[PDB]
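Q: Would you mind keeping the following structure in view while I ask a few things?
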Amino acid sequence: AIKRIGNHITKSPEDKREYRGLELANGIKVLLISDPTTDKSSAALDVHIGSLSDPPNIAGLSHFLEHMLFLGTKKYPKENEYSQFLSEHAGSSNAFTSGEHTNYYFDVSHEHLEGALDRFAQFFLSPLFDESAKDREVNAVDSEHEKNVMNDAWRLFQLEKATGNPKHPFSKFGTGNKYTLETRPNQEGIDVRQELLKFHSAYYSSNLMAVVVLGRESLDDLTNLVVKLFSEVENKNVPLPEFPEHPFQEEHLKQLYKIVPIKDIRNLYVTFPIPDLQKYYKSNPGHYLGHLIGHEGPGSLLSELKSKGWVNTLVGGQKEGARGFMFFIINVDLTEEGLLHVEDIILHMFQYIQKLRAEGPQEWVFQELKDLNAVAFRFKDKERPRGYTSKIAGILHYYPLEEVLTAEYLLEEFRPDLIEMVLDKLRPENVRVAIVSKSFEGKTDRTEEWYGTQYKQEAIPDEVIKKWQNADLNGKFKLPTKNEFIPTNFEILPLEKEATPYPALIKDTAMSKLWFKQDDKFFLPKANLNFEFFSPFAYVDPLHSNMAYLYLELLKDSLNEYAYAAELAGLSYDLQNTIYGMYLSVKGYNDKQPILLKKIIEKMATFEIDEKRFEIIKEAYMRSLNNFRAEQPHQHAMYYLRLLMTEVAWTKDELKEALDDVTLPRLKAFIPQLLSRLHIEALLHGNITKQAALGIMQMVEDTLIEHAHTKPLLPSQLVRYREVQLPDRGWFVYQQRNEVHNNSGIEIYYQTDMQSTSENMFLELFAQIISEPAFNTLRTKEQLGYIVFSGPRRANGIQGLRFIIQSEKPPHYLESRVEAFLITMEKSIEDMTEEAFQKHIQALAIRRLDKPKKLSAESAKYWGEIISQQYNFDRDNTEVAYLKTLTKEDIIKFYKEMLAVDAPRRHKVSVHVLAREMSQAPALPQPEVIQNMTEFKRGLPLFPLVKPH
Amino acid sequence: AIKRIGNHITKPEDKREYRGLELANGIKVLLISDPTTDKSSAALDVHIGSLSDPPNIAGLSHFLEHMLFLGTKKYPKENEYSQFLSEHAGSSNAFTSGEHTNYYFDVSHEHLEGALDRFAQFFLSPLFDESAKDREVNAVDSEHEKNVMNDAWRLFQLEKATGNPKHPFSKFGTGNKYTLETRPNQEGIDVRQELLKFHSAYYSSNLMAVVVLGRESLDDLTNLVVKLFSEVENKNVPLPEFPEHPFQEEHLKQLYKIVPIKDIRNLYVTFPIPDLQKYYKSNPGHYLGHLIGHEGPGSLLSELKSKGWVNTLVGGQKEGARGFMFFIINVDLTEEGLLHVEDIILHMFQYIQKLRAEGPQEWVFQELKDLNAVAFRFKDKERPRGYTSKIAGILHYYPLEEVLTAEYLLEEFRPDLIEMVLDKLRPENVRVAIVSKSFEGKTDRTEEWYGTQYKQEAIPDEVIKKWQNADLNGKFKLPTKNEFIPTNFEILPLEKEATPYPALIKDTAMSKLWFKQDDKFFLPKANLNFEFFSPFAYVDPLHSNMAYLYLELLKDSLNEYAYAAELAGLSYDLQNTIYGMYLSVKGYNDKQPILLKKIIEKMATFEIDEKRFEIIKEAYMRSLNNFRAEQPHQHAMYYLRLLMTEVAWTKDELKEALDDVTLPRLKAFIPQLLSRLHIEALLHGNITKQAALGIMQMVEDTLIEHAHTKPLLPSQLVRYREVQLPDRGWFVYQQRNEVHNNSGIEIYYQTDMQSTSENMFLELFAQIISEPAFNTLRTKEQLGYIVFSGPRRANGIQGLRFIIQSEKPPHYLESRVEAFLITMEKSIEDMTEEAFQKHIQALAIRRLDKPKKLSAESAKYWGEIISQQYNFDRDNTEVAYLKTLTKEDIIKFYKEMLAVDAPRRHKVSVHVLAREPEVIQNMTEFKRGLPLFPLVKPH
């Protein structure tokens with residue numbers, strides 16, 4: 001079905017990726033990306049057949065069939081052969097399914113696109129449906145639904161899908177488990193594979209495909225490659241499944257629900273089923289609704305709710321739904337009188353809607369949002385060849401080929417009829433209510449069948465209703481003022497004579513530390529700024545940590561109302577506690593960095609506290625404390641492990657207990673004492689100059705000395721923290737019982753040595769070589785569990801090797817198969833040939849060496865090095881040049897007498913996490929019981945620290 | 001002369017019963033029988049002084065009682081008695097006073113009969129031939145020659161000389177070259193005629209008082225020496241006494257200006273007062289001695305120090321002859337004390353008028369009464385020589401029942417006597433004597449005997465009557481009392497918890513309580529030690545400075561209440577720790593709950609005065625930038641004690657941080673420390689466990705009562721670890737003293753943690769190189785004066801140190817130290833067994849020693865609990881393991897860590913230079929790349 005139509009695609013003029021689109025005669029919208037300078041090539045394929053397009057008897061059939069579409073072709077009927085060719089050239093495919101789409105994507109290392117795409121086209125010929133792939137992938141779909149059993153967003157999602165008309169096919173079930181895929185069909189005698197081959201042959205080939213290929217050859221050669229390669233798919237003309245009305249057909253409207261979640265949260269949910277406006281992408285009323293409802297400005301709804309102290313944060317807007325209709329949500333946090341006086345809350349909502357009904361739509365908001373998305377859209381930097389192409393392929397169904405990039409990202413017109421129409425749609429006649437609170441025990445009878453949430457109707461009497469329609473007035477509510485953080489600084493600064501490729505210490509004092517680099521590649525009017533404020537007092541005591549976090553918490557609570565316009569304009573910020581101190585990250589444009597930073601430094605320099613707002617902050621973070629008995633036991637193990645593997649660390653119980661006495665005057669005395677004496681370390685990166693960096697930095701520290709009288713710190717009070725020495729042959733462990741999860745976790749730690757030139761490439765290469773066979777034999781082959789991880793841990797200037805594994809097992813039994821895996825690796829090293837080794841270190845070499853593709857990434861990497869005080873910005877040459885100079889026997893020496901169980905250099909410690917109720921292993925040394933972790937750490941050495949490069 | 005008077009003798013801790021009796025020749029005999037004395041003794045007092053001297057020859061009686069030593073008729077040889085003293089440990093001495101001549105000696109063990117028969121034939125036959133005369137006159141010339149620089153006899157002779165020169169109080173007491181053989185022979189007077197006249201008619205007559213500290217029995221030496229001493233013959237020698245004070249309105253209301261030889265500055269105030277020797281019932285002048293030298297609430301010296309003029313004072317009842325007595329007040333002088341003398345005397349008269357206003361007091365009387373009753377009850381011991389001669393000194397004046405309650409007990413209250421001496425404490429009665437170096441060109445009147453010069457300079461009348469006229473009540477007020485329970489001081493019997501080492505009777509996350517009852521000493525004593533652990537003590541220079549100054553002014557605060565309790569016999573000490581605060585309570589079992597409750601209530605609710613803060617601030621600031629001025633070995637010790645701990649705030653940043661200490665910032669600092677804290681506690685001595693728990697409960701209840709103290713977390717009862725050296729490195733750098741030209745240096749060796757092997761490895765090698773260091777380094781090489789070696793117990797880690805200040809190149813000095821260490825290596829390896837064994841026995845007795853008081857074992861046990869070791873049986877184990885060693889054993893200790901080729905060498909030095917390996921640029925960056933030692937497991 002060879003067909004082709006393409007030309008210039010509007011491409012946000014910073015990019016060099018040459019574009020074309022085409023559509024074959026079998027309903028295959030192919031997008032052509034030609035960037036002959038790309039490192040990673042990739043391709044992706046979306047089919048507009050979703051899980052609302054499932055057969056009505058078996059749900060997630062297309063889901064499991066595209067799982068099965070992976071394995072087994074007619075040209076290569078081998079099971080993993082596609083994935084095996086992605087292991088030959090480092091590719092990592094995945095695919096996904098939505099209510100309207102089923103989307104596929106893969107990658108390839110550089111140029112091997114003929115190979116992988118040849119393995120990719122012939123999926124349509126012969127799926128196999130053998131014992132292993134079918135009967136094991138259905139187990140993975142069961143685990144897939146099972147990990148989403150307790151995931152509350154999908155829970156409340158499916159309950160939204162389910163509490164409408166159960167007759168309407170919008171209310172179908174999106175993803176089924178093994179009970180629905182091969183337990184109900186065969187007990188009903190339904191052949192699963194007949195359905196499978198039916199769907200696969202008669203439904204895939206028809207239409208609705210979307211394709212994108214990131215190739216680096218040209219447009220035309222890859223065009224007559226693929227259009228030649230793709231003619232086997234033939235147009236069967238399956239029609240597009242659309243729904244012309246929502247299921248919420250007057251049985252479930254103007255109704256309340258009180259739902260019991262899995263996590264202890266409190267949220268309010270109001271929903272409006274609304275028709276589609278995808279046809280109006282040139283005017284886009286949905287960005288106007290989300291921009292105007294979720295605005296945080298003067299006279300806004302959220303400003304009033306902060307003023308009444310009911311909502312911490314919120315999100316609302318138009319949510320996608322079926323093809324014909326969509327949804328409109330408002331999601332807010334709840335306090336005390338958020339729990340008791342919900343009626344008045346909805347009255348306040350009606351008041352804000354009354355303000356929207358008073359002044360109606362606005363044009364200056366249109367023009368302003370148009371300019372913001374216009375300029376911000378045309379300054380895309382670059383993109384990842386994976387994920388971006390899957391996104392564009394995801395939206396390639398809805399747009400002609402020149403509108404696939406400027407989808408709503410250019411707005412010509414203004415359609416107040418639409419905004420007034422959906423304003424007419426947003427009425428008390430059109431309301432679904434869902435209350436989320438854990439506290440509704442003994443109160444909620446109607447239980448969810450699949451996931452298990454519990455709820456009730458509590459029909460609203462007519463008095464409240466009649467008062468809701470007639471009493472809609474305006475009080476404080478005002479339209480949101482025009483933005484002022486709109487940028488004009490779009491001038492690329494020419495590079496100076498100072499042409500360093502890395503940030504130099506351009507300012508050295510006893511007060512500060514200043515690192516700076518101007519960009520050379522991305523050529524954007526943007527900058528990234530990171531700042532840490534050292535302090536001794538940040539982690540001295542649980543009380544100090546509590547007052548630091550609650551202080552900075554209400555600080556961020558304070559600065560929200562000013563920051564909202566800048567953050568909506570593309571000027572991000574961050575406030576963060578460390579054990580060291582406050583952490584300030586600033587990311588945005590080149591225009592208004594002094595302005596924003598100045599008001600931030602001035603605000604947190606002299607700062608004031610509200611009473612009942614802080615009472616809410618106290619209560620809320622107090623609820624956030626005791627929620628740390630409910631996490632995944634691998635997270636519990638990683639928390640405790642890096643708890644133990646530092647110098648000082650406060651436990652969450654003792655941090656939880658210290659808030660019993662924290663009053664506002666104790667804090668208000670504490671604050672300037674905390675702020676009294678501190679240091680500042682700074683990285684500045686982006687399209688600014690050295691002199692302006694000097695200016696900004698001097699400005700900040702001057703502002704600080706003006707407000708809070710910061711004096712520099714002596715070099716005998718800038719300390720770091722060490723990591724615990726192990727007794728050089730010990731294998732130590734302890735256990736913790738989780739209460740929520742019926743699963744055991746484990747993490748085992750191996751101290752090699754500091755980051756020296758030998759140890760870096762030893763531990764990285766050995767990590768790589770223990771990475772893929774662990775996945776190949778422990779999660780895949782031995783079928784231990786789903787949470788299986790192996791690899792490095794370099795922290796506190798100390799390298800390490802780790803295994804992060806969560807299953808439902810006895811932990812010494814788990815240890816036994818860990819050691820069996822260690823013996824398995826032990827023999828699997830010694831039997832490896834030279835060529836596998838050479839491909840493996842070539843893989844390591846190209847995996848490690850790469851420049852990033854975003855300025856935010858590499859700045860965060862450099863900052864993460866600077867907070868570790870290493871500064872070796874030329875790890876690349878040193879490490880890569882060292883890596884060629886390794887042998888097999890080096891690793892043998894690295895494994896046997898240092899890492900193995902028969903080793904005089906065992907720096908070995910395991911962590912057991914016990915569940916809520918609880919092929920050869922040798923005779924390991926005896927463990928230790930650990931009662932007091934402190935009395936364990938009592939007599940134990942501590943490491944040196946690292947010489948900075 | 002067998003006369004006899006005896007009965008039951010009242011004496012209560014001591015049980016050795018003694019008894020007094022009078023002989024018919026006028027000898028007061030006291031029997032002392034102590035069969036537990038090593039050296040026995042005896043003493044005789046003669047009530048013949050230098051007031052019986054002839055007016056023509058001065059100091060005759062001192063030379064005559066000297067002449068009785070040499071020459072008997074049994075043994076007229078020159079050193080023969082002296083040979084009986086050198087063979088039998090004897091050492092006699094005797095003196096002459098205004099009214100007494102007293103004899104006292106010792107003897108080796110039991111040599112009674114020998115010394116007795118010699119002591120009879122001293123008084124039966126003295127010979128006085130020629131050689132005794134002509135040789136004893138040189139000893140008397142030395143008796144005069146020793147008083148050139150002897151200030152006691154100089155100032156006292158100046159007291160003898162500034163009165164009536166006709167009165168026999170103006171005679172001399174010793175006799176010099178001039179009066180003994182320059183003054184008689186030109187007058188032709190025979191000295192020996194008067195010597196035999198004086199000896200016969202005045203020495204031999206009466207008024208002897210013998211006392212003999214013996215170990216033999218109570219009756220055998222008694223009926224030996226009763227018959228044996230009849231050689232004394234009654235002649236009724238008159239008592240040379242004065243019926244009036246010798247300073248009689250010639251020199252009254254007069255000043256003196258004295259120029260000394262030593263640079264001292266003093267002010268002397270004198271009141272002559274009539275005899276109250278009969279008045280031992282109330283003893284008002286000594287009661288005034290209680291009221292003058294009191295330094296307490298509302299005292300005189302409180303304002304005088306508060307005006308900053310007078311350093312110290314002393315006052316009280318000074319004896320004279322029998323007839324008269326004196327009352328003196330003698331103070332120290334500052335520079336500006338010279339300028340405000342009139343105001344000083346003005347405040348003195350203000351205090352006199354305050355005592356005249358409120359009159360006598362009874363509480364003071366009962367208080368002194370009870371305090372001397374307890375101090376009489378709990379007397380320690382006695383000197384084997386001198387005690388006898390002293391109580392024989394008061395045996396002349398008191399009946400046989402009053403010889404023990406000598407001044408330690410008072411019968412009656414006499415306010416009329418106090419008003420009498422208040423009539424004596426008037427501006428009409430004052431005698432003034434100023435001692436100052438600055439009186440140059442000022443002192444005309446020359447002393448008669450010595451030849452120094454002084455001057456009267458009477459005060460003109462504007463100031464005299466202003467002393468009279470201004471007699472007002474001001475500031476000065478009465479003291480306070482702590483006489484809670486003077487009846488119960490009972491010993492507490494040891495119960496079923498018979499442990500020789502302290503048991504932990506209470507441990508929480510809030511406190512830690514260790515307990516031991518006495519077994520050895522069984523005294524009315526108790527010792528209490530308290531550590532108050534808190535995180536906030538060493539957070540920065542600022543909180544550490546504010547904690548230091550906090551407890552500093554707390555010590556300044558407590559004092560004002562504390563002095564009246566200190567008068568009751570309960571001492572204390574506050575000094576903080578680097579961890580937290582440390583509290584000491586030492587004393588009786590009597591009233592420390594009542595005390596300690598008020599101590600906690602005060603240090604919990606604490607205030608600051610502003611100028612008090614300023615003075616302590618400036619003063620410690622001065623003490624800080626003063627520390628740049630001391631000896632460079634102290635610089636090396638303290639800066640190495642910085643370089644080898646976990647965290648350390650230096651004195652430079654401690655010095656700078658005092659700019660920021662304001663009173664409200666401290667006022668915020670106070671409850672923050674006090675909000676949450678930990679207590680470490682030892683209660684040790686003859687005390688109980690259950691009441692210790694009740695007291696501890698009172699403590700924590702008071703802590704919750706004031707600041708709502710809740711415990712500290714159990715991962716923050718931490719210690720500080722010590723830095724691990726890089727296993728072979730010997731690195732060095734230098735420091736600079738600023739003031740002194742001397743160089744400092746310190747040499748360091750890390751062996752190990754305190755294990756049982758390492759304690760004795762360390763002690764044994766340290767002392768085995770200690771005595772040859774005496775043999776070759778200070779004596780032979782003459783390196784310096786600050787030369788020290790020995791252990792280094794720090795953060796539970798042993799170490800070896802060498803403390804040397806000299807003026808040397810430091811590497812040169814290191815070179816000869818290491819040459820001494822190589823010398824010690826061969827000097828061990830050539831050692832025989834005998835040196836080795838004598839040395840390990842030396843070390844054995846060096847380490848092994850029984851305690852001597854509750855405070856000693858308390859200091860040891862608590863001194864180990866503060867190191868968290870708790871190894872309470874190091875005594876047997878450690879020392880028994882030291883005996884199981886050879887010399888090559890400590891060589892094996894000296895090879896792997898201590899030798900020059902050592903593979904575990906942990907050696908690091910500190911040079912402190914005058915003002916005129918690897919380097920260490922930054923001590924933080926030094927400690928950046930080096931490992932750390934672990935901590936010690938508490939037993």
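Residues in the structure tokens are named by chain (A, B, ... in the order shown) and by number from 1 within that chain; ligands are numbered from 1 in the order shown.
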What's the 9 Å shell around range 304-309 of chain B, counting only C-alpha atoms, without same-chain residues fewer than 4 positions away, as a list in words?
A: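 These residues fall inside the cut-off: residues 299, 300, 333, 334, 335, 336, 337, 338, 340, 341, 344 and 347 of chain B.
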Q: Could you write out that same residue set with C-alpha atoms as a PDB file, in the first residue's frame?
A:
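Here's the written file result_1.pdb:
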ATOM      1  CA  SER B 299      30.953  41.861 105.087  1.00  0.00           C
ATOM      2  CA  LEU B 300      33.499  44.666 105.147  1.00  0.00           C
ATOM      3  CA  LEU B 333      48.045  46.971  99.947  1.00  0.00           C
ATOM      4  CA  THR B 334      47.432  47.811  96.331  1.00  0.00           C
ATOM      5  CA  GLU B 335      48.890  50.784  94.450  1.00  0.00           C
ATOM      6  CA  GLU B 336      45.734  52.898  94.930  1.00  0.00           C
ATOM      7  CA  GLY B 337      45.342  51.492  98.416  1.00  0.00           C
ATOM      8  CA  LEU B 338      48.162  53.925  99.257  1.00  0.00           C
ATOM      9  CA  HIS B 340      42.704  56.091  99.833  1.00  0.00           C
ATOM     10  CA  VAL B 341      43.965  55.026 103.258  1.00  0.00           C
ATOM     11  CA  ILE B 344      39.835  52.545 104.160  1.00  0.00           C
ATOM     12  CA  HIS B 347      35.025  51.986 106.199  1.00  0.00           C
TER      13      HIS B 347
END
Q: From a DSSP calculation on the backbone, collect every residue of range 743-870 of chain A in strand (DSSP E or B) and output the set as a list in words.
A: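 Restricting range 743-870 of chain A to strand (DSSP E or B) produces residues 744, 745, 746, 747, 748, 749, 750, 754, 787, 788, 789, 790, 791, 792, 795, 798, 801, 802, 803, 804, 805, 806 and 807 of chain A.
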Q: Of the residues A:10, A:877, A:806, A:716, which is the one nearest to residue 924 in chain B, using only C-alpha atoms?
A: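 Distance minimum relative to residue 924 in chain B lands on A:716.
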Q: Hey, which of B:19, B:215, B:678, B:905 ends up closest to residue 511 in chain B? Count only C-alpha atoms.
A: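 When distances to residue 511 in chain B are compared using only C-alpha atoms, the smallest one comes from B:678.
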Q: Contacts from chain A to chain B, 10 Å maximum, only C-alpha atoms: show me the residue list as a ChimeraX atom specification.
A: /A:536-537,540-542,648-651,654,666,669-670,673,714-720,722,725,932-935,937-947
Q: I need the residues of range 426-470 of chain A that end up classed as alpha helix (DSSP H) by DSSP on the backbone, written out as an MDAnalysis selection string.
A: chainID A and resid 462:470
